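Just one chain is shown here, as structure tokens, and it is the form deposited in one PDB entry.
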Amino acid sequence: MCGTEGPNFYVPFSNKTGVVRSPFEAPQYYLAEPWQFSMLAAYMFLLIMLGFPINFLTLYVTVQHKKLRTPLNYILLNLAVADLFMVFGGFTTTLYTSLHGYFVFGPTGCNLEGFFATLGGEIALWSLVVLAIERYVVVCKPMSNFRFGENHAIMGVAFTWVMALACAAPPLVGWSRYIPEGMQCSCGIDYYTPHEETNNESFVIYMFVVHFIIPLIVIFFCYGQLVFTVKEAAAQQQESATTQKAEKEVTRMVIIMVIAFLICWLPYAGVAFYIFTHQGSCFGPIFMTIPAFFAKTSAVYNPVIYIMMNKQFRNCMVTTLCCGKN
């Protein structure tokens, strides 16, 4: 008897006291104090104030500067759009519902907010996977006679959408489902209930393999071979100080990006391992939602790492922000 159970939701709180209400009808102030909902709102406000400008500005400086519109940068524009999906589909909606103490948009806004918030995070995840593959192909040159072109970059973007739809769409059709999560103010895939009517268990395994394990392997393989290829070539030209500097900075950026991915990826693995073991105990609204809580920050630091730390993007943004000067 961990929580209270009903049609289209699961409240992580026992109803032996009789105080539990529908997360669509009444505020869930037994899960957390009202000020904790306000701090959830403050967190959403922080993410919106930092997440929209950075991501929208990536799309804006690309319009003003011709040198940014290269095929290898298409996946970064896709990343910026994905974060805006997280910012408006997820963070903005949650800020509004948080101040009500419950998900005021009903069971259908759950499918809406859940889909778009899940889609944005999925598109961002695979955009990092695709960017890893694209850079691997360009540097390591695995294909004998291959040139990365505009059509190849469009496929990579379309591939993220297919993979993101592969995760976000089944819950609408009958494989898993969208229910309020955590403090019941935002919606997402139901990892919290073994709902046999929608075969939730099979969907969690599918998510764990296809959308969790595979992205880590692909990212680790591609960037590993890239750093190996770069260090191998620089070893053949140790007379060039620039090549040695270029090798150092490429390695350092790969380390930064891989550490960044792990910071978002490990909390899910740690919590899941703590649920694989310690399986018996009940779970408050912060058991599996703690990884998701901090993963929202990726909408801010991912553009900082991949776009703001890009050399050309930075100069173009400085020029754009400064009315064209400096």
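The first residue of the sequence shown is number 1, and the count goes up from there.
Keep in mind that the form solved in complex with a partner chain is not shown, yet the notes after this line are about it.
Although the partner is absent here, residue 257 sits close enough that one of its heavy atoms falls within 4.5 Å of its partner chain in the bound PDB entry. Using a 4.5 angstroms limit between non-hydrogen atoms, residue 22 is distant from its partner chain in the bound PDB entry. Although the partner is absent here, residue 230 is a contact residue: one of its heavy atoms lies within 4.5 angstroms of its partner chain in the bound PDB entry. Taking the partner from the other structure, its partner chain in the bound PDB entry has a heavy atom within 4.5 Å of a heavy atom of residue 135. Exactly one of the stretches 120-128, 237-245, 78-86, 183-191 approaches its partner chain in the bound PDB entry with heavy atoms within 4.5 Å, and it is 237-245.
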